[PDB]
Amino acid sequence: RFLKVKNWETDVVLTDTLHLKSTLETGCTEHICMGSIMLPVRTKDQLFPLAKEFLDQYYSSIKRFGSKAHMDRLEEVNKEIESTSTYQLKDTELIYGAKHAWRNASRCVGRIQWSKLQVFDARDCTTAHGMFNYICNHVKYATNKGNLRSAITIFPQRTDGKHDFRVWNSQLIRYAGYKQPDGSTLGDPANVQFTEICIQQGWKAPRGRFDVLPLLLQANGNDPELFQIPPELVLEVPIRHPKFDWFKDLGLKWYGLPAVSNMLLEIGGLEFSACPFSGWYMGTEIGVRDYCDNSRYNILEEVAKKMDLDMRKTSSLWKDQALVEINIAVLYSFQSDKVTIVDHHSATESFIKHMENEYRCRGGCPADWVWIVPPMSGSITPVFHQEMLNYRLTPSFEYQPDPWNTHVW
Amino acid sequence: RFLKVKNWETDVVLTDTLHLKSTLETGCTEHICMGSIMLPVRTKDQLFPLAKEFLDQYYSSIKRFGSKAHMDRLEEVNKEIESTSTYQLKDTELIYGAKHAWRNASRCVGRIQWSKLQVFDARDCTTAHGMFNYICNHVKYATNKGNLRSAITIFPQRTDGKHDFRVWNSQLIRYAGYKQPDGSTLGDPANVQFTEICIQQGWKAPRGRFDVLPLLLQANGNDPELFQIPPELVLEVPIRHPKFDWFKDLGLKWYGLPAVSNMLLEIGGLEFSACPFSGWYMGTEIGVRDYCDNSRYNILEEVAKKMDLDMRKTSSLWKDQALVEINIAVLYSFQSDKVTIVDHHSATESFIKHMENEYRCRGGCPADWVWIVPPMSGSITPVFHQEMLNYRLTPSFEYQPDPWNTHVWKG
Ligand code: HEM
Ligand code: HEM
Ligand SMILES: Cc1cc(N)nc(C[C@H]2CNC[C@H]2NCCNCc2ccc(Cl)cc2)c1
Ligand SMILES: Cc1cc(N)nc(C[C@H]2CNC[C@H]2NCCNCc2ccc(Cl)cc2)c1
Ligand SMILES: C[C@H](O)[C@H](O)[C@H]1CNc2nc(N)[nH]c(=O)c2N1
Ligand SMILES: C[C@H](O)[C@H](O)[C@H]1CNc2nc(N)[nH]c(=O)c2N1
Ligand SMILES: [Zn+2]
C-alpha cells in the first residue's frame, strides 16, 4: 500500500503513495516482470469517468476541489458528453493537462523542468499548410537562437477516429535514410522507410548523409502533404572535438532541437494524435545512441581507427575509450556554438532532486529505471543507485501506430 | 501462453514458454513494476509438493521420468518426509540442484558457464573448524593458481532453523573497512560493520587499506568463530596501467576470487543457508563498482587528477575518461598475472548466445536487465538492446537476512 524506495548510495528512503492513484496496466504480473520490454474510439460511458477523474485532480490542484466551480464544470462537461459524445477542454485544462502528461512521463529524465512548458493551442487548425505554419512557429519559438525553450503544439483531438491529425515524422527534425546497392545504408538507417514514403509522395531526396527530412502532415484525416522546414529555422551543430582536429573531418553534425512528433497526448479521456513536443538534448542521446548504436550512424570503428587504438582485442576497451571522446565532442560542439545541451551527470543529478521534490510534494514520482539510467557510465550517475517505482498516471503521452500502417488513402 | 522478446539491434525475436513453470512472485503487479528494487521452517504439508516438482524435473533431465527408479525415489522421499519431516538429497540430485540454481539466477550474466561447476558436498560437516577446512579447500581448488574454476561448497541444510550453518562474511574474500573518528573511512566502506564484528570477536585488525578479513563461521547454530585464511591461498593482483606508469603508485590491488557466501540455496524445498560459490570476475565489478562507487573505494578524483583532466565542470566527462582508464588497468593487470577475468563486451556477447541457446533448448532464460547490463558503456554491449523476461524458477539462490541480526548468542 505504502511502498518505499531506497537510494543505495545515500541510504535515503522515500515513501510512495502516488502509485495508488495509478489506473493503467504495466504489462508485469506477480509471476513475470516485463520491465525491459520497449512496448509492453471511446464511448460516453468510458469517457465520463475519465473526464471526472481529470477534473477532480485539476480542481484539486487549484484548491477548489468540490466547489461550485468544480461541481458546475463537471456538470457542463457531463451534459456536453451526453449530448456531443465528447467535449472540449478549457485552455487552462489543456495547459495543465499537457504539463502533467510530461510530469507523468516515467521514461523522461528531464522532468524537473515539467512546469516550464510553453503550450501552443493549435486546436483551430484545419489543413496541412496550417499545421505546417504552427510547426514552423513552434520550431522557431523553441530554438530561440540556441537558447532552447520547452514547448508542445496541440492539434485537434480525435473524433470518429477517421478525422485524425497526425505528423508522419517520428521527430520534427531528423535525417533521411537511403538503402544503396552496396547493401549499405546512406545516412540514418532508422529513417530508411519513412524516407521512402516521402519519395513515394514526391520528395526530391538530395541523397546525402545528413538530409533534413521534409515534414509529412496529415489533417482531419486527409492524405498527408510534404513541406520543407525553412533551413534558416533548423539550427544544426557541426561536430568537432576539442583536441582531435581530424574529428571535424568525420563530417559529423546534429540538429539542436529534440522534438517528438509521433506520440499521442491523452487528457481527461480525450485523445490528441498530433502533439509535437520539444526540449533540449542530453549529450548521450546523440553521442551514444545516434552516433554509436550499431543500427544508427554506428561510427565507433571509424573513430577508433582515427585514434589508432588497439582494436585487436575487446579487453583493450577501445570501444569504450572512443565512446567517451565522441561524447566529449558533442557536448563541446553544442556548447561552443552556444546551443543548449545537458550532460548525463548534470541531468541525472537534477532528476534525483526532482524525485525528492515529487515524493515530498506529490507522494512520489513514476520512473522507468531502464530508460532513466544513461546509456554510458551508468553507475557513476546517481540514478543508477536509485530504486524507482514505475506505474502509469494520466494525463500521459503514449505511443501509437505509425500512420502509414493505418491510413485509408 | 507464449511471450516474445525482441532484440532491437538485430530484430531477432524469441518466444518464451519456460515462464509457465515460474512459481515464486516477482514483486510486481499489473499496476506497478518493482523491476529496479534491490530486494523486493517448512511444513511436511508444503514440503511434499516441493520435493516432487524437483524430483520430476530431475528425472526428466536424465530421461527417466516415470521410470520405476523415479517412482521409487518419490515414494522413498515422501516416506522420509512423513517420517522425519525432511529428507536428504542424493549426491546426483545435489549436483543437479546446484547447477540449476546457477542456471536460474536471473541476475547473473555469466550463466553460459552453468553446467561447468565443481560441487563440494560438505553436508557431513559438524563444526566451525570443519567449515574452515572445507572453505580453504574450495578456495585453493577454485583459485587453481590463477586459472579459475567455478565451485560451490554445500554445508548441511536447515532443520528447525535454530541450528543453521552460516558463513557470516558476505564474500569469502573481502577487505576490511574502518571508521575513523574524523569521519573518514580506511579500507572498504562496504565492510565497516562486518569488520567491527570481527574485531569485537577477537580479530586483531592490521588497519590497512587492503586487509583480508578473517572468516567468521557458524556451525550447527552455535556462536560463530574466527579463522584466518592462509595468505598463500589468497591470490591478489596489484593494479597497474599499460601506458600510465604512475598508476601502480595509486597502491591498488584486488583479490582474484569472487565468492558469494551469504546467499541461501533452495533445492526441492530444502534450504542450504551456507553455500559459498565462486567464479571469476567481469572487469567492471572491480574497475567500476568496487573502485569508483562513491560509497566504495571512490578513486575517480585521484585518478582524474593524475591524468590532469579538466575537472572544473562535469561536461568535460572527466569522470567517464578516468573510469575507462581504471577499467583498462584492471583487465591489463589480471591478464598480465594470468588470473582469469572477462571484460564486459566479451561477457555480454557470450550471455546473448547463451540466452538464445536457452530459449531454443529450454523454452526460456529468466534474466534481470537492470543487473545484466554492465555499469559502464551500457548501450555498446548487446544486452542493452535485448528485451528480457524476469521470473523465478527453482532451484534458486536467494537472499537471506544478515546473521548478526537474527542470531541468538549463547556465550
Ligand atoms: C528540457 C529538456 C529535456 C531533457 C534534457 C529530456 C531528456 C529525455 C531523455 C534522455 C529521454 C530518453 C530519450 C530516448 O532514450 O529516446 C527522454 C524521453 C522522453 N521525454 Fe524528455 N526531456 C526533456 C524535455 C521533454 C519535454 C518538454 C517533454 C514533453 C512535454 C518530454 C517528454 C518525454 C517523453 C514522453 C519521453 C519518452 C518518450 C519515449 O518513450 O520514446 N521531455 N527525455
Ligand atoms: C564464471 C564466472 C562468472 C561470472 C563472470 C559471473 C558474473 C556475475 C556478475 C557480473 C554478477 C553481478 C554481480 C554484482 O553486480 O553484484 C553476478 C551475479 C550473480 N551470479 Fe554470477 N558469474 C559467474 C559465476 C557464477 C557462479 C559459479 C554462480 C553460482 C554457482 C553465480 C551466481 C550468481 C548469482 C546468484 C548472482 C546474483 C547475486 C546477487 O543478487 O547478489 N555466478 N555474476
Ligand atoms: C522532448 C525530448 C527531449 C529530449 N532530450 N529527448 C527526446 C527523445 C528523442 C530524441 N532522442 C531520442 C528520441 N526518442 C526516441 C524514442 N524511441 C522509442 C521507440 C518507440 C517505438 C519504436 Cl518501434 C522504437 C523505439 C525528446
Ligand atoms: C560467483 C560470482 C562471480 C562474479 N563474477 N561476481 C560475483 C558477485 C560478487 C563480486 N562482485 C560483487 C559481488 N556481489 C555483491 C552483490 N551485492 C548485491 C546486494 C545484495 C543485497 C544487499 Cl542488502 C545489497 C547489495 C559472484
Ligand atoms: C531492450 C531495452 O528495453 C531497450 O534497449 C531500452 C533500454 N533503455 C533505454 N533507455 C533510453 N533512454 N532509451 C532507449 O531507447 C532505451 N532502450
Ligand atoms: C537501485 C538499483 O536497482 C541498484 O543500484 C542496482 C542496479 N543494477 C545493478 N546491477 C548489478 N550487476 N549489480 C548491482 O549491485 C546493481 N545495483
Ligand atoms: Zn516489473
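Residues numbered from 1 in each chain as written, not as in the entry; some residues may be left out. Chains lettered and ligands numbered in written order. Heavy atoms only, no water.

- Its PDB header names X-ray crystallography as the technique used to obtain the model and reports a resolution of 2.05 Å.

### Observations regarding the site of ligand 2
Residue and element names in this part refer to chain B.
Reasoning step 1: Surrounding ligand 2, one finds 17 residues, the nearest of these being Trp102, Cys108, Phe277, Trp280 and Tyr399.
Reasoning step 2: Side-chain polar atom of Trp102 to a nitrogen atom of ligand 2: 3.4 Å apart, as the coordinates give it.
Reasoning step 3: Measuring from an oxygen atom of ligand 2, one finds a side-chain N or O atom of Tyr399 at 2.3 Å.
Reasoning step 4: Tallied by class, residues from the shell around ligand 2 come to 11 nonpolar, 4 polar and 2 charged. (Near = heavy atom within 4 Å. Polar contact = N/O pair within 3.5 Å; in protein donor to acceptor, adjacent residues only side chain to side chain. Nonpolar A, V, L, I, M, F, W, Y, C, P; charged D, E, K, R; others polar.)

### What about the side chain of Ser377 of chain B?
Reasoning step 1: Positionally, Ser377 of chain B belongs in the loop between α10 (369–372) and β18 (396–398).
Reasoning step 2: You can call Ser377 of chain B buried: its relative accessible area is 4%.
Reasoning step 3: For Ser377 of chain B, the residues in contact, after removing those within four places along its chain, are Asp320, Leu323, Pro375, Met376 and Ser377 of chain A together with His344 of chain B. (Helix = DSSP H or I, 4+ residues; strand = E, 2+ residues; numbered from the N terminus. Buried < 20%, exposed > 50% of the residue type's maximum accessible area, 1.4 Å probe, protein only. Contact = heavy atoms within 4.5 Å.)

### Let's talk about the packing of helix α6 (residues 283–292) of chain B against helix α8 (residues 318–336) of chain B
Residues and elements named next belong to chain B.
Reasoning step 1: Between α6 and α8, the shortest axis-to-axis distance is 9 Å and the interhelical angle comes to 130°. By the angle between their axes, α6 is oblique relative to α8. Like other packed secondary-structure pairs, α6 and α8 cross with a definite hand, here right-handed. Listed contacts from α8 to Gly283, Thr284, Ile286, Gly287, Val288, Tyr291 and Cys292 of α6 are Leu323, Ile326, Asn327, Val330, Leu331 and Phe334.
Reasoning step 2: Residue composition of the contact of α6 with α8, grouped by class: 9 nonpolar, 4 polar and no charged. (Axes fitted to C-alpha atoms, helices over the stretch in contact; angles between N-to-C directions. Parallel < 35°, antiparallel > 145°, perpendicular 65-115°, else oblique. Left-handed = near helix turned anticlockwise from the far one by under 90°.)

### Here's the deal with the state of the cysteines
Reasoning step 1: Counted by the stated rule, this structure contains 0 disulfides over all chains.
Reasoning step 2: Not engaged in a disulfide, the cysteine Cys125 of chain A finds its nearest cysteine sulfur in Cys136 of chain A; these two sulfurs lie 12 Å apart.
Reasoning step 3: With no disulfide partner, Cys275 of chain B has as its closest neighbouring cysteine sulfur the one in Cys108 of chain B, 14 Å distant.
Reasoning step 4: The class of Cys275 of chain B is buried, set by a relative accessible area of 1%. (Disulfide = S-S within 2.5 Å.)

### Examining the interface of chain B and chain A
Reasoning step 1: The interface is formed by 63 residues belonging to chain B together with 62 residues belonging to chain A.
Reasoning step 2: Between chain B and chain A, the buried area comes to about 5,200 Å², and carbon and sulfur atoms account for 60% of it.
Reasoning step 3: Summed over the shared surface of chain B and chain A, the result is 0 salt bridges.
Reasoning step 4: At the boundary of chain B with chain A, the tally comes to 29 residue pairs in polar contact.
Reasoning step 5: Elements that contribute at least two residues to the side of chain B that touches chain A include exactly β1 (3–6), α6, α8, α9 (344–362) and α10 of chain B.
Reasoning step 6: No other element matches the 10 residues that α8 of chain B contributes to the side of chain B that touches chain A.
Reasoning step 7: For the side of chain B that touches chain A, the class distribution of residues is 28 nonpolar, 24 polar and 11 charged. (Buried area = accessible area lost by both parts, 1.4 Å probe. Salt bridge = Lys/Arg side-chain N within 4 Å of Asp/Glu carboxyl O.)

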